[PDB]
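Following: one structure in structure tokens, then a few remarks.
Below, read A as the first sequence line, B as the second, and so on, with proteins coming before strands; counting in each chain starts at 1. Heavy atoms only: backbone and side chains are in, while hydrogens, waters and symmetry mates are out. Whatever order the structure lists ligands and atoms in, that order sets their numbers, starting from 1.
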Amino acid sequence: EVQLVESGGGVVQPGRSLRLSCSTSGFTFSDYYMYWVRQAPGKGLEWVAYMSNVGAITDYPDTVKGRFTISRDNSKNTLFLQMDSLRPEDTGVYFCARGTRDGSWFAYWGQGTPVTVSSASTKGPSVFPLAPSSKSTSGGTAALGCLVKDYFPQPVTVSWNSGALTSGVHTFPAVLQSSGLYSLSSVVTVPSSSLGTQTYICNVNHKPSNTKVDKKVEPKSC
Amino acid sequence: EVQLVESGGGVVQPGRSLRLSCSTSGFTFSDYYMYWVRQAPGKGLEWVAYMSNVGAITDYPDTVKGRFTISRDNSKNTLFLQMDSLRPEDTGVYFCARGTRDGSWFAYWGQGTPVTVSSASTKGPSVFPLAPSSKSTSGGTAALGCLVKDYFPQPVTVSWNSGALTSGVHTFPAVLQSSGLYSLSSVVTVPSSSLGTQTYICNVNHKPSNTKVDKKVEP
Amino acid sequence: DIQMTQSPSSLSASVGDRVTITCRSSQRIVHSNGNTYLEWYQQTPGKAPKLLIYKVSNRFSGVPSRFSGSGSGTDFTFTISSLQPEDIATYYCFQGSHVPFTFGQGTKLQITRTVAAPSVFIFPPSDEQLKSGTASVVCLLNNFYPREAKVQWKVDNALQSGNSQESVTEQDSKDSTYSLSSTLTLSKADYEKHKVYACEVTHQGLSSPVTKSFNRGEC
Amino acid sequence: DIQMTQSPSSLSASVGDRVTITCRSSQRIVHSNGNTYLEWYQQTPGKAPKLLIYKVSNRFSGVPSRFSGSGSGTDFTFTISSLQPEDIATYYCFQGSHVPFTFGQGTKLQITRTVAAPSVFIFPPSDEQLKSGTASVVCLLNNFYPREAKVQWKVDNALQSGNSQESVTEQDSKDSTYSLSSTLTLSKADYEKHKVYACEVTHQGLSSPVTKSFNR
Ligand SMILES: CC(=O)N[C@@H]1[C@@H](O[C@@H]2O[C@@H](C)[C@@H](O)[C@@H](O)[C@@H]2O)[C@H](O[C@@H]2O[C@H](CO)[C@H](O)[C@H](O)[C@H]2O[C@@H]2O[C@@H](C)[C@@H](O)[C@@H](O)[C@@H]2O)[C@@H](CO)O[C@@H]1O
Ligand SMILES: [Zn+2]
Ligand SMILES: [Zn+2]
Ligand SMILES: [Zn+2]
Ligand SMILES: [Zn+2]
């Protein structure tokens, strides 16, 4: 089966370099042109680079010419993107793509790798529980969650019960605070008569600050 | 938001009793006839009982009539199912269900709560790493996984990286072993050239025994 | 030089409806080889885009035939003959003929459904956070439609302003509803200077604003 | 005891084709109130069934219009206009007109696609498992089609029998393929008794049987 996986993304200061790798499997690598496409937060897609299967033919949009260099290793099914002189603007998700022999551009994509270029300092989040109470209850529905506050930069991954809990879950889009830090909340509703019928734990991952925290949420208040 | 959550299922010895619960929300419970439906392992669906919103009108199929009892507490939006004189044949997943005012029987369901009637005791699984190696690598692809061995009863859930990893993932159905315990294997393929670039962790969950394991798989 | 303009920015439509998204190229986008590599992509949040249409009208394998594409010159269109809940996403056109390659700004496609009132919940700050020197009060609006909703914060009846942030989920892929959160943030000092916190919710599914509240201490 | 019989028990069609499933009741199923409460359900492994059609031809809110239902008397049919990879599931018909309410036996629905050779990987017993006193060797067949496949174990060239078990995943909702696992189980002492282990895979997409192995 066709697979693509990017890595190397990270948080970097303006002027530094970052090297992205795209490992592929499931097809004949040396047979296709490879692509790099990125997506700035809240923005659209933007083609970033392409390279011939063989011949070293390359090209890029004007915004990265001279700073970015795509390259490959037809021996290790790997595509590379050397990124020199990064700028805040280069912040976004970087995807690896591959087209089809009959005129397709991005038929298969990797999962994506996050890159942030900032002079601001990385910061892990605090995880406070949104305890279910009678104020968290309504039409027989109890509500509980976790608050992921003051962190930088994107992104933060949130899950409940290591993935075992997904129904009724709402993980809100992050929102940038005036402080310059991001914040988001993940919640879940359940019938009131439940609660205690199981435990609830949020799993908070924030790779840039090496944060992996699990926070059990339990009833209280009125 | 209509939600239904069953609970109470466990391993019970033949002849003994078990009482299932169904907590609802998102609608006027008191206005609806409720239902129980079960599904034995590898089998089809089977209606188990119904109860009127009010009036205590109840009924069941001949297979459980006399042993099962459905009841409700309209003050706490809760449907119950008392199961007496359980037989191995009652094993299966039990679902809570609610219809619609205009005619359907099972419009909304619960996640279902598992019931296993057996003289055997619960048994957490052992989790062993299926490490990616030159032997686990093929057409540019590398394979890794986790072996969830010797547990009882069904079921076991599996996630990778807390549910964040789903591409290339294959969690096989469980298999009953001659020892009488189930065994399960969950795998994922990744391009070999990326080995050493990402962390792989299988989050195994065997609720019937409250056993949780998050084995890290390293090349 | 060759700008790609999609229209409209966003459009909402009922289930089963017909849908048309257009994309206009500044110049003629027909490759020197004769073809017109105009493509169409579909993308959901936190996920990679998926290819639906290439070479103007070729449907990528595994793509439901209800999706189609046509056009020429400088006007190209993406079509969905029978909109479905799972189609809620963002769609982008792409021009691969004349370099440099460009994407359209995209179109958000929402579903139109029956008005659903939101459930409102409020959470006082956690003790751990208070020690931090700050307090966050969270008001949650669950599964409702339309998206428009006015959430107001009132402290001891004093209508708040400029000290809270809202966040809305993507329109649900099943029930077509939205959920939302409003976070009022204050320092501990100023938070402990008041008694009652409340968020007043005004939505089209509510006859009168629903207010959920608590007293710093106990009900 | 109104019995419900569906046909066929399972059928495969190409992504795009039109498919139909029939359900026949051993007696008329018209409720005393005049309504005919014949419903259709769709279920996939480990999940709760989803209502699709009720009262013969009523599409439950949220269900795709490519699904429809029809019929009367003792014969009813469920139809999918343009089959898709995500319709890979089991479909049962239900009757609530006469108590006891009864479900049909169910019909499995697969996707017909082009043949696809399987990738084969083998996994020796883990070290930490051997300290357990048991040894499990796992063989993996990834993304293949059709489902038919032969997996044979060989210990020092001796073909094994009665000491392996295989499991097969549901037909993938994407590329419509299958994956399979064959697990060979031996005790630590017995396992340490041999050198070469291997699984032989024979599948239609393979020009000839493929073998993967190791010896330690
Ligand atoms: C919202 C509610 O609970 N309504 C009940 C109604 O049940 C609904 O309609 C029936 C047909 C079924 O689709 C239910 O799932 C749905 O909630 C009750 O109807 C009875 O339902 C039971 C349970 O299946 C039996 O099927 C019984 O035969 C039904 O009564 C018949 O249908 C009614 C609509 C009336 O015509 C009645 O005279 C028939 O005998 C009724 C109780 O009758 O109560 C609420 O309306
Ligand atoms: Zn696979
Ligand atoms: Zn919700
Ligand atoms: Zn104040
Ligand atoms: Zn031997």
Side-chain angles (χ1 to χ4, degrees), chain B residues 2 24 26-37 47-61 70 72 74 77 79 96-109, chain C residues 125 134-135 137 153-164 184-197 216, chain D residues 2 29-39 41 51 53-56 58 60 94-103 125 134-135 137 153-164 184-198:
Chain B
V2 177
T24 79
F27 57 99
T28 315
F29 186 70
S30 304
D31 289 29
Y32 298 77
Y33 267 53
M34 290 304 290
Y35 302 99
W36 278 107
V37 177
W47 167 66
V48 177
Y50 86 68
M51 186 175 197
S52 55
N53 61 110
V54 296
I57 307 178
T58 78
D59 215 334
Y60 323 79
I70 176 175
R72 69 193 296 160
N74 287 176
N77 301 173
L79 185 74
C96 189
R98 184 278 265 183
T100 58
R101 297 173 190 282
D102 85 309
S104 67
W105 264 242
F106 317 129
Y108 303 84
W109 302 61
Chain C
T134 63
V137 194
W153 283 105
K154 288 184 289 184
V155 177
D156 280 338
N157 299 305
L159 174 151
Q160 304 296 288
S161 172
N163 52 338
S164 65
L184 175 68
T185 297
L186 292 167
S187 66
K188 181 217 283 66
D190 290 58
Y191 173 68
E192 287 167 346
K193 287 195 175 78
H194 298 293
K195 351 162 176 294
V196 318
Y197 290 83
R216 204 194 66 213
Chain D
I2 297 192
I29 51 179
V30 187
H31 198 290
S32 78
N33 66 41
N35 278 310
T36 308
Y37 299 113
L38 184 289
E39 317 184 322
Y41 288 90
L51 173 72
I53 274 60
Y54 68 111
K55 279 154 69 184
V56 177
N58 292 291
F60 185 50
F94 172 78
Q95 178 272 151
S97 297
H98 291 284
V99 190
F101 314 130
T102 51
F103 280 103
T134 300
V137 196
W153 284 93
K154 293 186 188 180
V155 176
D156 295 337
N157 304 305
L159 295 66
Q160 294 304 87
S161 289
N163 56 336
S164 76
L184 182 68
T185 305
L186 308 177
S187 66
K188 181 172 176 294
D190 174 16
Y191 173 69
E192 303 176 323
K193 243 80 295 306
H194 308 289
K195 278 281 191 177
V196 183
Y197 292 85

How far is [atom] from the closest protein heavy atom, and which atom is that?
{"atom": "atom 33 (C) of ligand 1", "result": "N33(D) ND2, 4.3 Å"}
{"atom": "atom 26 (O) of ligand 1", "result": "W105(B) CZ2, 3.4 Å"}
{"atom": "atom 13 (O) of ligand 1", "result": "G103(B) O, 2.9 Å"}
{"atom": "atom 1 (C) of ligand 1", "result": "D31(B) O, 3.4 Å"}
{"atom": "atom 28 (O) of ligand 1", "result": "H31(D) NE2, 2.9 Å"}
{"atom": "atom 16 (C) of ligand 1", "result": "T100(B) O, 3.5 Å"}
{"atom": "atom 18 (C) of ligand 1", "result": "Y33(B) CE1, 3.8 Å"}

Is there a donor-acceptor pair closer than 3.5 Å between any side-chain N or O of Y54(D) and the backbone N or O of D102(B)? no
Can a donor-acceptor pair be found, under 3.5 Å and without considering hydrogens, that links the side chain of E39(D) to the backbone of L51(D)? no
Do [X] and [Y] touch side chain to side chain, with heavy atoms closer than 4.5 Å?
{"X": "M51(B)", "Y": "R72(B)", "result": "yes"}
{"X": "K193(D)", "Y": "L186(D)", "result": "no"}
{"X": "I2(D)", "Y": "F101(D)", "result": "no"}

When the ring planes of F29(B) and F27(B) are compared, do they come out parallel, tilted or perpendicular, using 30° and 60° as the limits? tilted
What class does the angle between the rings of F106(B) and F94(D) fall in, given that below 30° is parallel, 30 to 60° is tilted and above 60° is perpendicular? tilted
Within the structure, does [X] bring an N/O atom to less than 3.5 angstrom of an N/O atom in ligand 1?
{"X": "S32(D)", "result": "no"}
{"X": "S104(B)", "result": "yes"}
{"X": "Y35(B)", "result": "yes"}
{"X": "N53(B)", "result": "no"}
{"X": "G96(D)", "result": "no"}
{"X": "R101(B)", "result": "no"}

Please check if a non-hydrogen protein atom sits closer than 4.0 Å to [atom].
{"atom": "atom 23 (C) of ligand 1", "answer": "yes"}
{"atom": "atom 3 (O) of ligand 1", "answer": "yes"}
{"atom": "atom 46 (O) of ligand 1", "answer": "no"}

One residue to check: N35(D). Relative to ligand 1, which of side chain, backbone, both or neither has a non-hydrogen atom less than 4.0 Å away? neither
Proximity to ligand 1 by part of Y37(D), non-hydrogen separation under 4.0 Å: side chain
Give, for atom [atom1] of [X] and atom [atom2] of [Y], the distance between the pair rounded to the nearest 0.5 Å.
{"X": "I57(B)", "Y": "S52(B)", "atom1": "CD1", "atom2": "OG", "value": "4.0 Å"}
{"X": "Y191(C)", "Y": "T185(C)", "atom1": "OH", "atom2": "OG1", "value": "12.0 Å"}
{"X": "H31(D)", "Y": "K55(D)", "atom1": "NE2", "atom2": "NZ", "value": "12.0 Å"}

Tell me, with the steps shown, if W153(D) and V137(D) meet side chain to side chain contact (heavy atoms under 4.5 Å, CB included). CA-CA 10 Å; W153(D) 284 93; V137(D) 196; 3.5 Å; yes
Do the side-chain N and O atoms of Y33(B) and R98(B) include a donor-acceptor pair separated by under 3.5 angstrom? no
What do you reckon, does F101(D) put a non-hydrogen atom under 4.0 Å from ligand 1? yes
Among N, O or S atoms, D190(D) approaches the Zn ion (ligand 5) most closely through OD1
